[PDB]
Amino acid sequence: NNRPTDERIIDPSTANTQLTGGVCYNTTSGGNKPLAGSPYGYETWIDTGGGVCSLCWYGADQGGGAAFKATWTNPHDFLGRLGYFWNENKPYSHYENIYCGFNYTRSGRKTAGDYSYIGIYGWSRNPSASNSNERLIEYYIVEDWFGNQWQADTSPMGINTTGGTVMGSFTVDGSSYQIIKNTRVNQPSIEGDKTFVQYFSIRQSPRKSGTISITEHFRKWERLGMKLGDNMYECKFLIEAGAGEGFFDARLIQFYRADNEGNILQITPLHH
């Protein structure tokens, strides 16, 4: 593939103007909810047994179209996410070359509990997999996290946080990523409580701005035998906080998709 060079792509490294005027959601959404005037949808998971959480979308016309701010006050595994919702019986390759340009600020080390994740997230279904455990996939491309009492937020998380097995690694978008496969045994999922697999790419050098070549991760996982199947559910930008009191505030979240030649097939947002 040729890296896309289109003038609509916002340079992440200098996309650092604070956004205002969000539309905020304070409760669990019960799945994907489409956003007004936008190709994207959001999802919130906010436990009523924890404290106040919110996700505020910055709208269709600024910050690349998918930017949001999230806050949590002593959550129990807050997840706020926003981006592509698919679920139309297609494998990842149907969506061509997927990218996400991003720039955010966040609260510091130890403001999000013992585990936390920032990056790209979703699910995929693979019903024809011979191993029943691999028929449902939850996936993460982890650009950053909040560390914890024991480990700096500048140090990449490993299998003591994610669980599972290091499968390999590769280098893309300026860092090595460690690839991890984990099995979740009888755990909540988009298909009810069951056994399913998780795929992780962990950025070895955490960062708060840049471009994620999402498709490159999908390709690498499949080469290692971590198959995604033929029904991709979604592809969204996530903040997940196990606990703590913190925030995440994006100045840019811009998804776009291109052909192999580097022509833009989809970008947001849609004279001087």
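Numbers for residues come from their place in the sequence shown, where the first is 1.
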{"property": "Count class of coordinate-free deposited residues lying between the neighbours residue 270 and residue 271", "result": "4 to 9"}
{"property": "Mean temperature factor over C-alpha atoms, higher-scoring stretch between 171-179 and 125-133", "result": "125-133"}
{"property": "232-240 versus 53-61 - greater average Cα B-factor per the deposited record", "result": "53-61"}
{"property": "Residue with highest C-alpha B-factor in the PDB entry, from 103, 201, 189, 198", "result": "189"}
{"property": "Third of the chain, ranked by Cα B-factor, where residue 92 sits", "result": "highest"}
{"property": "Record-listed C-alpha B factor of residue 76: chain third", "result": "highest"}
{"property": "Assigned third (lowest, middle, highest) for the C-alpha B factor of residue 224", "result": "highest"}
{"property": "Ranked against its chain, the third holding the CA B-factor of residue 30", "result": "highest"}
{"property": "Entry-reported Cα temperature factor of residue 253, expressed as the chain third it lands in", "result": "lowest"}
